[PDB]
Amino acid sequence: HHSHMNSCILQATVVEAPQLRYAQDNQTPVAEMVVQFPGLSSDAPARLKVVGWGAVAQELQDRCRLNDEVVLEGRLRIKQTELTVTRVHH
């Protein structure tokens, strides 16, 4: 559990297909992909690295394909920025 509020919910398009690997413990699945979402003005769109661990990692690899529009819920992490996903709506 985390002590601080860090709720980031984004509607985005999958632009780099999810790749899966097992973490150091050779037991926890970890999936990473890249998504793109609109700038606040038309601002170039933004691209963000998205990472999921465990069950959500398997769901990302299983469901997310290039050009799919999804909603992601996760915590912002940061120098490289990334969204550590908790849930995804396909």
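Start at 1 with the first residue shown and count on from there.
The gap between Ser42 and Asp43 holds 1 to 3 unmodelled residues of the deposited sequence.
Taking the PDB entry as given, 24-32 carries the higher mean Cα B factor of the two stretches 44-52 and 24-32.
The PDB entry records a higher mean C-alpha B factor for 15-23 than for its counterpart among 15-23 and 65-73. Among all modelled residues in this chain, the alpha-carbon of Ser7 has a temperature factor (C-alpha) in the lowest third.
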